[PDB]
>>> print(open('query_0.pdb').read())   # PDB, C-alpha atoms
ATOM      1  CA  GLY A   1      20.341   2.135  42.200
ATOM      2  CA  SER A   2      19.015  -0.957  40.434
ATOM      3  CA  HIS A   3      16.983  -0.301  37.290
ATOM      4  CA  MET A   4      14.235  -2.634  38.493
ATOM      5  CA  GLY A   5      13.083  -2.809  34.873
ATOM      6  CA  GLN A   6      13.997  -3.941  31.364
ATOM      7  CA  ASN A   7      13.927  -2.071  28.056
ATOM      8  CA  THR A   8      14.982  -3.692  24.793
ATOM      9  CA  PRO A   9      14.195  -2.827  21.130
ATOM     10  CA  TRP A  10      13.573  -6.524  20.499
ATOM     11  CA  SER A  11      10.818  -6.544  23.122
ATOM     12  CA  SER A  12       8.170  -6.377  20.401
ATOM     13  CA  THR A  13       8.015  -6.586  16.609
ATOM     14  CA  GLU A  14       6.566  -3.072  16.525
ATOM     15  CA  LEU A  15       9.522  -1.705  18.473
ATOM     16  CA  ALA A  16      12.072  -3.544  16.345
ATOM     17  CA  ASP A  17      10.406  -2.263  13.178
ATOM     18  CA  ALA A  18      10.453   1.325  14.432
ATOM     19  CA  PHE A  19      14.072   0.973  15.544
ATOM     20  CA  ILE A  20      15.138  -0.411  12.166
ATOM     21  CA  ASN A  21      13.148   2.254  10.326
ATOM     22  CA  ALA A  22      14.566   5.090  12.418
ATOM     23  CA  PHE A  23      18.029   3.550  12.145
ATOM     24  CA  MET A  24      17.896   3.631   8.353
ATOM     25  CA  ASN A  25      16.749   7.250   8.413
ATOM     26  CA  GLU A  26      19.698   8.274  10.585
ATOM     27  CA  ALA A  27      22.066   6.213   8.439
ATOM     28  CA  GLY A  28      20.852   8.073   5.359
ATOM     29  CA  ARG A  29      21.566  11.398   7.057
ATOM     30  CA  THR A  30      25.174  10.402   7.717
ATOM     31  CA  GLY A  31      25.646   9.470   4.065
ATOM     32  CA  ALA A  32      28.297   6.987   5.187
ATOM     33  CA  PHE A  33      26.369   4.146   3.560
ATOM     34  CA  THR A  34      25.520   4.143  -0.146
ATOM     35  CA  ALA A  35      22.151   3.320  -1.704
ATOM     36  CA  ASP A  36      23.215  -0.292  -2.219
ATOM     37  CA  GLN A  37      24.596  -0.509   1.318
ATOM     38  CA  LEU A  38      21.342   0.840   2.739
ATOM     39  CA  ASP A  39      19.351  -1.770   0.823
ATOM     40  CA  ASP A  40      21.395  -4.556   2.407
ATOM     41  CA  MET A  41      20.782  -3.114   5.868
ATOM     42  CA  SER A  42      17.063  -2.672   5.223
ATOM     43  CA  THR A  43      16.965  -6.365   4.349
ATOM     44  CA  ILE A  44      17.878  -7.305   7.915
ATOM     45  CA  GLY A  45      14.695  -5.509   8.943
ATOM     46  CA  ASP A  46      12.441  -8.155   7.414
ATOM     47  CA  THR A  47      14.833 -10.956   8.344
ATOM     48  CA  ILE A  48      14.794  -9.963  12.008
ATOM     49  CA  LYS A  49      11.008  -9.677  12.099
ATOM     50  CA  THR A  50      10.649 -13.075  10.434
ATOM     51  CA  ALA A  51      13.114 -14.716  12.817
ATOM     52  CA  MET A  52      11.342 -13.208  15.816
ATOM     53  CA  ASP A  53       8.022 -14.622  14.637
ATOM     54  CA  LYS A  54       9.304 -18.190  14.350
ATOM     55  CA  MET A  55      11.480 -17.838  17.447
ATOM     56  CA  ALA A  56       8.561 -16.492  19.470
ATOM     57  CA  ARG A  57       6.422 -19.477  18.496
ATOM     58  CA  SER A  58       9.107 -21.888  19.684
ATOM     59  CA  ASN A  59       9.508 -22.631  23.389
ATOM     60  CA  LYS A  60      13.305 -22.788  23.369
ATOM     61  CA  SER A  61      15.917 -20.169  24.243
ATOM     62  CA  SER A  62      13.226 -17.924  25.716
ATOM     63  CA  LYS A  63      16.064 -15.726  26.961
ATOM     64  CA  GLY A  64      18.959 -16.905  24.799
ATOM     65  CA  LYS A  65      17.099 -15.617  21.749
ATOM     66  CA  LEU A  66      17.876 -12.119  22.995
ATOM     67  CA  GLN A  67      21.620 -12.562  22.527
ATOM     68  CA  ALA A  68      21.103 -14.363  19.226
ATOM     69  CA  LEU A  69      19.084 -11.438  17.877
ATOM     70  CA  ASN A  70      21.715  -8.914  18.947
ATOM     71  CA  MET A  71      24.511 -10.996  17.446
ATOM     72  CA  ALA A  72      22.616 -11.727  14.240
ATOM     73  CA  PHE A  73      21.777  -8.060  13.695
ATOM     74  CA  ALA A  74      25.274  -6.901  14.621
ATOM     75  CA  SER A  75      26.732  -9.536  12.307
ATOM     76  CA  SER A  76      24.859  -8.091   9.332
ATOM     77  CA  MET A  77      26.149  -4.609  10.125
ATOM     78  CA  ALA A  78      29.684  -5.864  10.724
ATOM     79  CA  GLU A  79      29.762  -7.693   7.396
ATOM     80  CA  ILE A  80      28.259  -4.764   5.506
ATOM     81  CA  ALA A  81      30.575  -2.269   7.193
ATOM     82  CA  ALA A  82      33.564  -4.545   6.642
ATOM     83  CA  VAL A  83      33.709  -3.835   2.912
ATOM     84  CA  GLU A  84      36.452  -2.638   0.571
ATOM     85  CA  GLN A  85      34.657   0.343  -0.958
ATOM     86  CA  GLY A  86      36.648   3.451  -1.859
ATOM     87  CA  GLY A  87      37.421   6.552   0.196
ATOM     88  CA  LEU A  88      35.649   4.928   3.142
ATOM     89  CA  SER A  89      36.609   3.051   6.303
ATOM     90  CA  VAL A  90      34.915   0.473   8.520
ATOM     91  CA  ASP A  91      35.909   2.436  11.619
ATOM     92  CA  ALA A  92      34.243   5.590  10.309
ATOM     93  CA  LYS A  93      31.076   3.688   9.417
ATOM     94  CA  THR A  94      31.077   1.957  12.799
ATOM     95  CA  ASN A  95      30.996   5.324  14.565
ATOM     96  CA  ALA A  96      28.189   6.573  12.333
ATOM     97  CA  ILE A  97      26.170   3.429  13.032
ATOM     98  CA  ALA A  98      26.471   3.972  16.784
ATOM     99  CA  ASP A  99      25.198   7.538  16.433
ATOM    100  CA  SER A 100      22.202   6.384  14.397
ATOM    101  CA  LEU A 101      21.393   3.731  16.996
ATOM    102  CA  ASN A 102      21.221   6.341  19.758
ATOM    103  CA  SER A 103      18.850   8.450  17.667
ATOM    104  CA  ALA A 104      16.734   5.377  16.931
ATOM    105  CA  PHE A 105      16.312   4.716  20.649
ATOM    106  CA  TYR A 106      15.008   8.242  21.194
ATOM    107  CA  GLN A 107      12.548   8.092  18.299
ATOM    108  CA  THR A 108      11.464   4.604  19.332
ATOM    109  CA  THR A 109      11.094   5.691  22.955
ATOM    110  CA  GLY A 110      12.837   8.955  23.805
ATOM    111  CA  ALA A 111      15.751   7.857  25.975
ATOM    112  CA  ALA A 112      19.395   7.609  24.918
ATOM    113  CA  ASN A 113      20.940   4.180  25.455
ATOM    114  CA  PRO A 114      24.746   4.390  25.036
ATOM    115  CA  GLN A 115      25.083   1.124  26.953
ATOM    116  CA  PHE A 116      23.137  -0.780  24.299
ATOM    117  CA  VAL A 117      25.066   0.935  21.513
ATOM    118  CA  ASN A 118      28.391  -0.117  23.027
ATOM    119  CA  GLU A 119      27.144  -3.706  23.233
ATOM    120  CA  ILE A 120      26.397  -3.716  19.504
ATOM    121  CA  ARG A 121      29.685  -1.977  18.727
ATOM    122  CA  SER A 122      31.552  -4.731  20.561
ATOM    123  CA  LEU A 123      29.715  -7.411  18.582
ATOM    124  CA  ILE A 124      30.669  -5.730  15.312
ATOM    125  CA  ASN A 125      34.342  -5.735  16.283
ATOM    126  CA  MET A 126      34.132  -9.421  17.194
ATOM    127  CA  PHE A 127      32.458 -10.283  13.901
ATOM    128  CA  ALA A 128      34.905  -8.108  11.965
ATOM    129  CA  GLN A 129      37.889  -9.840  13.552
ATOM    130  CA  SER A 130      36.070 -13.147  13.087
ATOM    131  CA  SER A 131      36.873 -13.986  16.705
ATOM    132  CA  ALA A 132      40.553 -13.993  15.752
ATOM    133  CA  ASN A 133      43.551 -11.777  16.485
ATOM    134  CA  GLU A 134      46.115 -10.386  14.048
ATOM    135  CA  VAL A 135      49.388  -8.481  13.730
ATOM    136  CA  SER A 136      47.529  -5.165  13.702
ATOM    137  CA  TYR A 137      50.622  -3.445  12.319
TER     138      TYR A 137
END
>>> encode(input="query_0.pdb", output="structure tokens")
Amino acid sequence: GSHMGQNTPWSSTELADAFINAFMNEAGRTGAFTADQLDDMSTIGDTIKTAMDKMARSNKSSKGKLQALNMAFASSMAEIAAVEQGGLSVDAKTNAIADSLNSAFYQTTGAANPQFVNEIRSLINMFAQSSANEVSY
């Protein structure tokens, strides 16, 4: 049963804005991220929109830009989540982020997208590990 269609939050600037906005709202509900942490995340909102504008104007990576956007966004979350902090864990925050993403999809459209969430989750892990293995004791 092929989808025969495509649905991505980066399809339009309006969608991305709504997704980011809704995402922040859900993140606030979790309380996993602090006020300062939220500010850093909200920053990616304007950065993404700006990048999309310039990227859209260009005639290169018409499709590759999709992966770049997902990686760039995920990278910001991975870096922010991968912080020392106190009484908190990156794993716990990672789970909370995934939950917020699902809610954002519904508010932005109204359909859960666990597949997309997993894709972002994987990117975060890659960025966190810096594309490198470890003892993992």
>>> residues_around(input="query_0.pdb", residues="region 71-78 of chain A", least_positions_apart="4", cutoff="8 Å", atoms="all atoms listed in the file", output="PyMOL selection string")
chain A and resi 41+44+48+67+82+120-121+123-125+127-128
>>> atom_distance(input="query_0.pdb", atom1="CA of residue 56 (chain A)", atom2="CA of residue 106 (chain A)")
25.6 Å
>>> atom_distance(input="query_0.pdb", atom1="CA of residue 91 (chain A)", atom2="CA of residue 114 (chain A)")
17.6 Å
>>> residues_near_point(input="query_0.pdb", point="(33.1, 1.8, 0.8)", cutoff="12 Å", atoms="only C-alpha atoms", output="PyMOL selection string")
chain A and resi 31-38+80-93
>>> atom_distance(input="query_0.pdb", atom1="CA of residue 51 (chain A)", atom2="CA of residue 132 (chain A)")
27.6 Å
>>> closest_residue(input="query_0.pdb", among="A:66, A:117, A:52, A:20", to="residue 96 (chain A)", atoms="all atoms listed in the file")
A:117
>>> axis_aligned_box(input="query_0.pdb", around="region 127-130 of chain A", padding_each_side="5 Å", output="AutoDock Vina command-line options")
--center_x 35.2 --center_y -10.6 --center_z 12.9 --size_x 15.4 --size_y 15.0 --size_z 11.9
>>> closest_residue(input="query_0.pdb", among="A:8, A:113, A:79, A:134", to="residue 101 (chain A)", atoms="all atoms listed in the file")
A:113
>>> residues_around(input="query_0.pdb", residues="residue 107 (chain A)", least_positions_apart="3", cutoff="10 Å", atoms="only C-alpha atoms", output="list in words")
residues 18, 19, 21, 22, 23, 101, 102, 103, 104, 110, 111 and 112 of chain A
>>> closest_residue(input="query_0.pdb", among="A:17, A:40, A:46, A:53", to="residue 108 (chain A)", atoms="all atoms listed in the file")
A:17
>>> closest_residue(input="query_0.pdb", among="A:136, A:25, A:42, A:11", to="residue 100 (chain A)", atoms="all atoms listed in the file")
A:25
>>> build_atoms(input="query_0.pdb", residues="region 33-64 of chain A", atoms="N, CA and C atoms", output="compact mmCIF listing (two decimals), keeping the file's coordinate frame")
# COMPACT_ATOMS: atom_id res chain seq x y z
N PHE A 33 26.76 5.32 4.34
CA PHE A 33 26.37 4.15 3.56
C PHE A 33 25.74 4.57 2.24
N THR A 34 26.06 3.83 1.17
CA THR A 34 25.52 4.14 -0.15
C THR A 34 24.12 3.56 -0.30
N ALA A 35 23.50 3.82 -1.45
CA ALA A 35 22.15 3.32 -1.70
C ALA A 35 22.13 1.80 -1.64
N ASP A 36 23.13 1.16 -2.23
CA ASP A 36 23.22 -0.29 -2.22
C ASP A 36 23.44 -0.81 -0.80
N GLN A 37 24.29 -0.11 -0.05
CA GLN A 37 24.60 -0.51 1.32
C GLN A 37 23.35 -0.41 2.19
N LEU A 38 22.57 0.64 1.97
CA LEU A 38 21.34 0.84 2.74
C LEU A 38 20.35 -0.29 2.46
N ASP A 39 20.27 -0.71 1.20
CA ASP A 39 19.35 -1.77 0.82
C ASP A 39 19.68 -3.05 1.58
N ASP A 40 20.97 -3.36 1.69
CA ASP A 40 21.40 -4.56 2.41
C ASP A 40 20.98 -4.48 3.87
N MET A 41 21.15 -3.30 4.47
CA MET A 41 20.78 -3.11 5.87
C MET A 41 19.27 -3.24 6.05
N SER A 42 18.52 -2.63 5.14
CA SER A 42 17.06 -2.67 5.22
C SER A 42 16.56 -4.11 5.14
N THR A 43 17.34 -4.96 4.49
CA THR A 43 16.96 -6.36 4.35
C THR A 43 16.89 -7.04 5.72
N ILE A 44 17.85 -6.71 6.59
CA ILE A 44 17.88 -7.30 7.92
C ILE A 44 16.60 -6.98 8.68
N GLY A 45 15.93 -5.91 8.28
CA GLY A 45 14.70 -5.51 8.94
C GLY A 45 13.64 -6.60 8.84
N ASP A 46 13.43 -7.11 7.63
CA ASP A 46 12.44 -8.15 7.41
C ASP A 46 12.94 -9.49 7.97
N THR A 47 14.24 -9.72 7.85
CA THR A 47 14.83 -10.96 8.34
C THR A 47 14.66 -11.07 9.85
N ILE A 48 14.92 -9.98 10.56
CA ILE A 48 14.79 -9.96 12.01
C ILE A 48 13.35 -10.22 12.42
N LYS A 49 12.42 -9.52 11.78
CA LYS A 49 11.01 -9.68 12.10
C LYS A 49 10.56 -11.12 11.86
N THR A 50 11.01 -11.70 10.76
CA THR A 50 10.65 -13.08 10.43
C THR A 50 11.20 -14.04 11.48
N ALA A 51 12.47 -13.85 11.84
CA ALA A 51 13.11 -14.72 12.82
C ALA A 51 12.40 -14.63 14.16
N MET A 52 12.02 -13.42 14.54
CA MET A 52 11.34 -13.21 15.82
C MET A 52 10.02 -13.95 15.84
N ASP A 53 9.31 -13.95 14.72
CA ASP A 53 8.02 -14.62 14.64
C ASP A 53 8.17 -16.12 14.90
N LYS A 54 9.08 -16.76 14.18
CA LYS A 54 9.30 -18.19 14.35
C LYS A 54 9.90 -18.49 15.72
N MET A 55 10.83 -17.65 16.15
CA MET A 55 11.48 -17.84 17.45
C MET A 55 10.47 -17.69 18.58
N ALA A 56 9.57 -16.73 18.45
CA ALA A 56 8.56 -16.49 19.47
C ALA A 56 7.65 -17.71 19.61
N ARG A 57 7.30 -18.31 18.48
CA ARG A 57 6.42 -19.48 18.50
C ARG A 57 7.07 -20.64 19.24
N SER A 58 8.38 -20.81 19.03
CA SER A 58 9.11 -21.89 19.68
C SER A 58 9.18 -21.65 21.19
N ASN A 59 9.42 -22.73 21.94
CA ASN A 59 9.51 -22.63 23.39
C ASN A 59 10.93 -22.91 23.86
N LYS A 60 11.91 -22.57 23.02
CA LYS A 60 13.30 -22.79 23.37
C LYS A 60 14.07 -21.47 23.35
N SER A 61 15.11 -21.38 24.18
CA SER A 61 15.92 -20.17 24.24
C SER A 61 15.03 -18.95 24.45
N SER A 62 14.13 -19.03 25.43
CA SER A 62 13.23 -17.92 25.72
C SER A 62 14.01 -16.67 26.08
N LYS A 63 15.22 -16.85 26.59
CA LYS A 63 16.06 -15.73 26.96
C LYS A 63 17.31 -15.67 26.08
N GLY A 64 17.77 -16.83 25.64
CA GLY A 64 18.96 -16.90 24.80
C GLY A 64 18.71 -16.24 23.45
